[PDB]
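In the entry's author numbering, the protein residues as written are 11 to 281, 295 to 356, 360 to 589. Ideal placement from N, C-alpha and C gives every residue a C-beta, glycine not left out. Data first, discussion second: the structure below is written as structure tokens.
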Ligand SMILES: [Ca+2]
């Protein structure tokens with residue numbers, strides 16, 4: 011009669027990808043005269059993304075539109091049915107390998123053993139890396155917390171020193187906001203009723219220039235200066251992205267600072296001084312400091328825009344050379363500029379205390395070293411928001427990372443994520459939570475996933491129930507959609523790159539030498555996955571022959587590796 015197939019895709023609703031997938035279901039009805047209908051489902055609507063394989067195998071779903079290498083843990087061949095690092099890197103090469111060099115039937119025999127019919131690949135895009143750490147060379151990957159899709163992709167970055175996690179794309183945004191895993195620099199804000207203010211305790215990790223890390227434990231309390239009513243918040247956190255730079259025309263010891271601050275951590279829809300921040304507000308900071316008796320003064324000026332959460336400031340040490348590293352002063356040197367979403371406005375203590383302002387006190391303990399004690403008044407002086415600070419430091423090793431100036435000029439939480447290409451990652455908001463894009467050099471712009479293929483895979487019993495004329499038409503339909511989908515994604519990507527620059531994202535290009543370093547790690551990983559079983563061996567053997575044929579692999583660089 012009429013055949014109806016439920017098919018869930020890896021694409022989340024509200025991506026370019028899902029819109030294209032939805033149009034595919036209409037094309038299939040057209041091409042089959044209404045006889046085959048595909049009911050489309052966005053990611054998660056029927057089962058979790060990574061649960062699609064078992065759902066289709068058992069028939070809960072009739073089919074799926076996944077990224078094929080998601081099955082790498084249970085079907086090694088699938089790590090070879092989508093690009094892997096520094097291998098074949100053009101869409102046309104993967105088309106050739108699939109449709110004339112044996113790939114399609116290699117995939118179909120492997121999936122038939124699982125009760126699945128692999129229809130064909132779906133072309134898509136390269137992938138980008140979105141990072142909160144400025145990763146400018148190979149060695150900067152060490153200690154990064156990186157989301158990736160498992161398999162060989164994760165193994166390559168793990169071998170370069172990264173910690174890897176596996177998450178679906180629709181969960182990447184909140185993960186990047188919280189450090190991806192293990193630790194972050196988020197400040198949980200808690201009401202302090204007895205001081206009619208707030209308190210917070212958090213831990214900053216300062217990178218040591220030669221490796222590894224210097225911990226700075228922060229204790230914080232805030233109390234209003236005046237007696238007007240303030241807002242006492244429910245639990246929530248502030249997440250800050252900070253960029254530190256230098257002014258090339260400034261000769262005093264200084265720090266140029268750019269920050270983006272968002273309040274979060276309250277779920278939407280659960281059962295006066297704010298007006299002063301509706302536009303751009305000038306800022307002045309003054310700090311008078313004394314660390315082990317080394318005296319100094321810092322002045323800063325700039326502005327903040329709480330509607331955006333953006334701060335722009337320049338700081339100068341006016342007494343000469345700063346005796347401590349500038350990154351150790353970032354937390355001391360105006361949380362009233364945080365961007366609070368509409369549904370969280372009632373939790374903004376910092377703006378509620380203005381204009382008379384608030385006192386901010388901290389103790390900051392550097393592990394195995396001295397401590398800072400800081401006290402600050404933050405308030406309006408006229409129309410300028412001012413932060414005046416006294417800082418006193420004691421018990422520091424002149425030997426140490428602080429007085430020895432051994433800390434990297436940086437301030438970030440080490441989180442980064444690959445997912446897909448720039449347009450869909452923009453659909454998911456990555457530009458808001460990561461201000462760097464890490465790409466390869468112009469010779470090798472995509473190091474880990476240059477050809478990130480989807481597919482259609484159908485429950486094998488459902489497939490065999492379909493009359494053969496509709497089978498062939500569905501195969502044709504998928505092959506046509508592979509390139510319609512590709513073309514749609516590529517068009518959106520053209521629109522997305524300018525939007526990244528407007529959001530303040532910087533594109534960082536690694537070097538050819540960085541690529542060579544990845545390549546010496548990638549080739550052994552190819553052979554290890556290839557040897558897992560007979561399907562992965564067959565697919566890599568034919569890909570390796572092809573790569574040798576077009577000059578992508580030399581025999582010398584294998585250094586003895588063979589199947
Ligand atoms: Ca990816």
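Check: From this set, 76, 71 and 49, which residue's C-alpha is nearest residue 60's C-alpha?
Finding: Numbered from its first residue, the chain shown carries residue 60 at position 50. Taking each of 76, 71 and 49 in turn and checking the Cα distance to residue 60, the smallest one comes out for 76.
Check: Can residue 441 and residue 189 be called in contact, C-beta distance under 8 Å?
Finding: The count along the chain shown starts at 1 and reaches residue 441 at position 415. The count along the chain shown starts at 1 and reaches residue 189 at position 179. With contacts defined as CB atoms closer than 8 Å, residue 441 and residue 189 qualify as a contacting pair.
Notebook entry, point to check: For residue 30, which of 480, 235, 216 and 66 has the nearest alpha-carbon?
Noted result: As a first step, residue 30 is located in the chain shown; it is residue number 20 there, counting from the start. The residue with the shortest Cα to Cα distance from residue 30 is 480.
Next item on the list: Starting from residue 239, follow the alpha helix (DSSP H) in both directions and report where the run begins and ends.
Entry: Along the chain shown, one-based indexing puts residue 239 at 229. Segment: none, residue 239 is in no alpha helix (DSSP H) and carries neither H nor E.
Checklist line | Three-state class that DSSP yields for residue 113 in the structure shown | finding: Against the chain shown, residue 113 aligns to sequence position 103. Reduced to three states, the DSSP call for residue 113 is helix.
Check: Can we count residue 290 as close to ligand 1, meaning its CB is less than 7 Å from some heavy atom?
Finding: Because the chain is numbered from 281 directly to 295, the model contains no atoms for residue 290.
Note to self: Just to confirm my understanding: we take residue 454, look at its own chain, exclude 5 residues before and 5 after, and list those with CB closer than 8 Å. What are they?
What the structure shows: Position 428 of the chain shown holds residue 454. These residues qualify, in order along the chain: 22, 25, 179, 180, 182, 183 and 445.
Notebook entry, point to check: Does the stretch 454–472 touch the stretch 534–541, meaning 3 or more C-beta pairs lie closer than 8 Å?
Noted result: With the rule of 3 Cβ pairs closer than 8 Å, the stretch 534–541 counts as touching the stretch 454–472.
Notebook entry, point to check: Count the other CB atoms within 10 Å of the CB of residue 572; is the residue buried (16 or more) or exposed (fewer)?
Noted result: Within the chain shown, residue 572 is the residue found at index 546, counting from 1. Residue 572 comes out buried.
Notebook entry, point to check: Cβ-heavy atom distance between residue 450 and ligand 1 below 7 Å?
Noted result: Taking the chain shown and counting its residues from 1, one reaches residue 450 at position 424. Not so, every heavy atom of ligand 1 lies at least 7 Å from the Cβ.
Notebook entry, point to check: Within this structure, are the beta carbons of residue 459 and residue 186 separated by less than 8 Å?
Noted result: Residue numbering aside, residue 459 sits at position 433 when the chain shown is read from its first letter. Residue numbering aside, residue 186 sits at position 176 when the chain shown is read from its first letter. Yes, the pair counts as a contact, with Cβ atoms nearer than the cut-off.
Check: For residue 137, is the beta carbon positioned less than 7 Å from some heavy atom of ligand 1?
Finding: Counting from one through the chain shown, the residue named residue 137 turns up at place 127. Judged by the Cβ position, residue 137 qualifies as a neighbour of ligand 1 at the 7 Å threshold, a heavy atom of the ligand being closer than this.
Check: If you draw a straight line from the C-alpha of residue 424 to the C-alpha of residue 312, how long is it?
Finding: Within the chain shown, numbered from 1, the residue matching residue 424 stands at position 398. Within the chain shown, numbered from 1, the residue matching residue 312 stands at position 289. Approximately 16 Å between the Cα atoms of the pair.
Next item on the list: With distances taken Cα to Cα, identify the nearest neighbour of residue 401 among 132, 317, 308 and 140.
Entry: Translated into positions along the chain shown, residue 401 becomes position 375. Of the listed residues, the one whose Cα sits closest to residue 401 is 308.
Notebook entry, point to check: Rounded to the nearest angstrom, how far is the Cβ of residue 461 from that of residue 532, given a contact under 8 Å?
Noted result: The residue given as residue 461 occupies position 435 in the chain shown. The residue given as residue 532 occupies position 506 in the chain shown. Contact holds; Cβ gap of about 7 Å.
Item checked: Complete runs of the beta strand (DSSP E) confined to the stretch 314–348 [at least 3 residues] -> Look at the stretch 314–348 and you find these whole runs of beta strand (DSSP E), each 3 residues long or longer: 317–328 and 333–340.
Notebook entry, point to check: Going by C-alpha distance, which of 43, 245 and 576 is nearest residue 12?
Noted result: Position 2 of the chain shown, counted from the first residue, corresponds to residue 12. Closest in alpha carbon position to residue 12, among 43, 245 and 576, is 43.
Margin query: Taking contact to mean 3 or more Cβ pairs, one atom from each stretch, closer than 8 Å, check whether the stretch 386–397 and the stretch 224–241 are in contact.
Written below: The stretch 386–397 makes contact with the stretch 224–241; the number of CB pairs closer than 8 Å reaches 3 or more.
Note to self: Quick check on the DSSP output: the beta strand (DSSP E) that includes residue 474 runs from which residue to which?
What the structure shows: Working through the chain shown from its first residue, we reach residue 474 at position 448. From DSSP, residue 474 is part of no beta strand (DSSP E); its letter is neither H nor E.
Next item on the list: Rank 419, 299, 475 and 321 by C-alpha distance to the C-alpha of residue 407 and give the top, closest one.
Entry: Counting from one through the chain shown, the residue named residue 407 turns up at place 381. Nearest of 419, 299, 475 and 321 to residue 407, Cα basis: 299.
Notebook entry, point to check: Do the CB positions of residue 474 and residue 169 come within less than 8 Å of each other?
Noted result: What you label residue 474 is simply residue 448 of the chain shown in a count that begins at 1. What you label residue 169 is simply residue 159 of the chain shown in a count that begins at 1. Going by C-beta atoms, residue 474 is not nearer than 8 Å to residue 169.
Check: Taking buried to mean at least 16 other C-beta atoms within 10 Å of its own C-beta, is residue 252 buried or exposed?
Finding: Translated into positions along the chain shown, residue 252 becomes position 242. Per the 10 Å Cβ criterion, buried.
Check: For residue 240 versus residue 379, is the C-beta spacing smaller than 8 Å?
Finding: As a working note, residue 240 is residue 230 in the chain shown. As a working note, residue 379 is residue 353 in the chain shown. Yes, they are a contact pair.
Checklist line | Near ligand 3: residue 478 beta-carbon under 7 Å from a heavy atom | finding: Summarising the ligand content, the structure contains ligand 1 and does not contain ligand 3.
Note to self: Suppose the cutoff is 8 Å on Cβ atoms and the five residues either side in sequence are ignored; what does the same chain contact list for residue 150 look like?
What the structure shows: Stepping through the chain shown from its first residue, residue 150 is reached at position 140. Non-local C-beta neighbours of residue 150 in its own chain, meaning closer than 8 Å and more than five positions away in sequence, comprise 143 and 144, ordered along the chain.
Margin query: Rounded to whole angstroms, what is the Cα-Cα separation between residue 342 and residue 320?
Written below: Residue numbering aside, residue 342 sits at position 319 when the chain shown is read from its first letter. Residue numbering aside, residue 320 sits at position 297 when the chain shown is read from its first letter. Distance between the alpha carbons of residue 342 and residue 320: 6 Å.
Note to self: Please tell me whether residue 509 and residue 448 are closer than 8 Å, where the distance is taken between their beta carbons.
What the structure shows: To locate residue 509, count along the chain shown from 1; it is residue 483. To locate residue 448, count along the chain shown from 1; it is residue 422. Not in contact: residue 509 and residue 448 (Cβ atoms no closer than 8 Å).
Item checked: Any non-hydrogen atom of ligand 1 closer than 7 Å to residue 22 Cβ -> Counting from 1 along the chain shown, the entry for residue 22 is found at position 12. The answer is no for residue 22.
Margin query: Taking the beta carbon of residue 420 as the centre, do at least 16 other beta carbons fall within 10 Å, making it buried, or is it exposed?
Written below: For the purposes of this step, residue 420 is taken as residue 394 along the chain shown, with counting starting at 1. Counting Cβ neighbours within 10 Å, residue 420 comes out exposed, since fewer than 16 surround it.
Next item on the list: Determine, using beta-carbon pairs with one atom in the stretch 125–136 and one in the stretch 490–506, whether at least three such pairs fall under 8 Å.
Entry: Under the three-pair Cβ rule at 8 Å, the stretch 125–136 counts as touching the stretch 490–506.
Check: What are the start and end residues of the beta strand (DSSP E) that includes residue 163?
Finding: By one-based count along the chain shown, residue 163 stands at place 153. Here residue 163 belongs to no beta strand (DSSP E); instead the alpha helix (DSSP H) covers 161–169.
Checklist line | Three-way DSSP call (helix, strand, coil) for residue 589 in this model | finding: Position 563 of the chain shown, counting from 1, holds the residue named residue 589. DSSP places residue 589 in coil when its eight states are reduced to three.
Item checked: Inter-residue Cα distance where the pair is residue 494 and residue 54 -> The residue given as residue 494 occupies position 468 in the chain shown. The residue given as residue 54 occupies position 44 in the chain shown. Near 31 Å, if we compare the C-alpha coordinates of residue 54 and residue 494.
Check: Are residue 116 and residue 565 touching if we call contact CB-CB under 8 Å?
Finding: Taking the chain shown and counting its residues from 1, the one referred to as residue 116 is at position 106. Taking the chain shown and counting its residues from 1, the one referred to as residue 565 is at position 539. The Cβ atoms of residue 116 and residue 565 sit closer than 8 Å to each other.
Notebook entry, point to check: Shortest alpha-carbon distance to residue 52 belongs to which of 17, 36 and 511?
Noted result: Counting from one through the chain shown, the residue named residue 52 turns up at place 42. Among 17, 36 and 511, the Cα nearest to that of residue 52 is on 17.
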